[PDB]
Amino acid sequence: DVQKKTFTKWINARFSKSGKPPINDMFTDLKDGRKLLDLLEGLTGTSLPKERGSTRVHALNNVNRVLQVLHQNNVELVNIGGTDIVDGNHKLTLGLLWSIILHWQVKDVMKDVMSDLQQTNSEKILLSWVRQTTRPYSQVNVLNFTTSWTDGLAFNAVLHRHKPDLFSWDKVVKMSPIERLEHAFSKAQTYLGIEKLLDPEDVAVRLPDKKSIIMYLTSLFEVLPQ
């Protein structure tokens, strides 16, 4: 309804901005597949075959190429197929457009957004990762990259979460902070190739070195499974 007006505008914007004519009704002019074929051509800088006949067959044919392409671009659609679009299914016609917008714009833009974010909110964005990763683990609460890692619990939680068959979590909560670390470091080492950068005596202290933690933490993460 609203998504109509705006999606129509957006597509029409895409069109005008490249010498191509606009459409009137988005649940019509879109059916025969032609327009969507244009949209994708301009969007991809590619040449796409267009069937000229004005009969259902061709409509389905064109719309199939459209979907075909999206698929080629790793943009698969849930319950959508030629006929849907060819027939004017409101719900799904939009759902398709949005898929395009989402892939070529919205998602595209995110790479840049991260670059802008990656220089400033680095340390902060990595903390919300660890918090989310070790959420399930009750006895683990990470607020920073210093004290929250002293009891050595947080270090294991990170490992465990993505390979619980590696060791017993309850078995850990039992051992001392020193064991808890000697362990994690040893585990990560044997099963992840990650070198034992830190030493327990170094991490189990009032204020442990922030840079050293983050550097080991990032080491772990690189080779971590998800």
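For every residue, the number given is its place in the sequence shown, counted from 1.
With 15 to 23 and 214 to 222 compared on mean CA B-factor from the PDB entry, the stretch scoring higher is 15 to 23. For the pair 155 to 163 and 51 to 59, the mean B factor over Cα atoms is greater in 155 to 163.
Taking the deposited Cα B-factors for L181, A188, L40, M175, the highest one is held by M175. Highest CA B-factor among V130, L77, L92, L102, as stated in the entry: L77. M114 sits in the lowest third of its chain by CA B factor, as recorded in the PDB entry. Ranked by Cα temperature factor within the chain, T150 sits in the middle third according to the deposited record. Compared with the other modelled residues of the chain, the Cα B-factor recorded for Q68 ranks in the lowest third. Per the PDB record, residue ranking by Cα B-factor puts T44 in the lowest third of the chain. For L36, the recorded CA temperature factor ranks within the lowest third of the chain's modelled residues.
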